[PDB]
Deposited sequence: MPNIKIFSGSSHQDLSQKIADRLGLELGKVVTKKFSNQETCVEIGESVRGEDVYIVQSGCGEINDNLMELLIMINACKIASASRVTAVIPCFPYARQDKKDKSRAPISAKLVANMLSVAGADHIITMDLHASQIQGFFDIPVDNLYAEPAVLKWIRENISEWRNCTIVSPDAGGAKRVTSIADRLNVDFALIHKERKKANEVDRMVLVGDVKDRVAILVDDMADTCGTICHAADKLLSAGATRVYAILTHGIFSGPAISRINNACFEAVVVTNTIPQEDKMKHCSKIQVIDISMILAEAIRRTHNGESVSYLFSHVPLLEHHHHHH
């Protein structure tokens, strides 16, 4: 009575998850109508079932968000026992506060929408701010890429015992100090004032830029130059969410990165074809395991510091 459904035609990650659980993805008719309205029909009974819907990897976020909400709704009114939204990269997470401005908190609205659509549980990876768990009243499991990142560092960078973990911004300090302490190495922080400042020593060390996401990549690219200017041996960037919109791929191809490392929370295949610096960490096992534990009532806490 566990049922996994995928969004749109980006089965990629959701197929890996379903594979790892020994399951076929449930039958869904999932497209757009002529007037661009989202079209969904659940192709099998979900009555009394433990349902998991994995958010599509299309790229048009509002389409994918609506598709997800519509799928949640269809399953809830079709008498699913429980519906869990598996949202590897949480949409609108960077709008999680007003910022001294007359702005929306779109991440709270998104939480409210998921809730009224009928979500009983959220599974996500590396929320932009941990406080977003509090934007819901339903339980959220915020998985970490940290264990898989630590693992990637230790087996891919020889100098890891003498590297510096660097935040590209002021907001990422906690995350980098946390990784630096686990590895027992130094940390540094970049802050943009339209000019960057670096605090911390990177001289004659490998520098690893660590952030939760990379979008247009303006920031990591400038930070990498800054670090080389400060005497870093070579620069890596490791993000969980590889968004890479706009000129990101052009920017990465022209930057001084040894490698840009991301998870597959977002589909990366097409971006990798035009960008050889990108390497992907498969996190499908961490997601599959969290679903399996969720379903069985077993500890998901294991995953926060352990790689399956």
property	result
Unmodelled ranges, which are counted on the deposited sequence from position 1 and given in order	1 to 2, 196 to 202, 318 to 326
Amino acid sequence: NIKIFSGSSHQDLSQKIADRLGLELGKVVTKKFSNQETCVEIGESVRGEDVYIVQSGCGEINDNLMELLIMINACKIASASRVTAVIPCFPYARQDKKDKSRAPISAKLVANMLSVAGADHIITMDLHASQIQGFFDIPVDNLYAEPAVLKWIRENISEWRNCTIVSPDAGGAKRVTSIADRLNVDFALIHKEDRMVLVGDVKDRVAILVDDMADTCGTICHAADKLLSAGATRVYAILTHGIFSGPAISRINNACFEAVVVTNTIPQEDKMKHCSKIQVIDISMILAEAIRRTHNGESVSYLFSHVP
From here on, numbers count along this sequence of modelled residues.
query	finding
Which of 47 to 55 and 25 to 33 has higher mean CA B factor, as the PDB entry lists it	25 to 33
Segment of higher mean CA temperature factor, 245 to 253 or 34 to 42	34 to 42
Maximum C-alpha temperature factor, selected from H128, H121, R234, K174	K174
Member of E159, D211, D141, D204 with the greatest C-alpha B factor (per the PDB record)	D204
Third assignment of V197 from its chain's C-alpha B-factors	highest
CA B-factor placement of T219, once the chain's modelled residues are sorted into thirds	middle
Within-chain third of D169 by Cα B-factor, per the entry	middle
Third assignment of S178 from its chain's C-alpha B-factors	highest
B-factor third for the C-alpha atom of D99 within its chain	highest
